[PDB]
């Protein structure tokens, strides 16, 4: 299931896993709350080929600034440490699946 990433371990995490789905979120964000359980389902469906990670923008402002994520929820998929897909806003599971399988 989804793990927590910080400004400190963000890079290490991306370099240790081939495909990582990172959720930029915040506690006060309703749309974010809506996709959390959806991302958990995503985590299990792709367990083994994908790692789901969560980045709280309030505790990690430099990381949000880094990717200029100024509207949440924003999900970024990284392949071999490099960003390859972005999903802005709360979306149905199928939209995430499409972009995930697009990279196996």
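Residue numbers count along the first chain shown, from 1.
J.: Taking the recorded C-alpha temperature factors, which stretch has the higher mean, 37-45 or 61-69?
T.: It is 37-45.
J.: As stated in the PDB record, which stretch has the larger average Cα B-factor, 21-29 or 81-89?
T.: So the stretch with the higher mean C-alpha B-factor is 21-29.
J.: Consider only the C-alpha atoms of the modelled residues in this chain, order them by B-factor as the entry records it, and name the third containing residue 75: lowest, middle or highest.
T.: Lowest third of the chain for residue 75's C-alpha B-factor.
J.: Could you say whether, by C-alpha temperature factor, residue 50 belongs to the lowest, middle or highest third of its chain?
T.: Residue 50: CA B-factor falls in the highest third of its chain.
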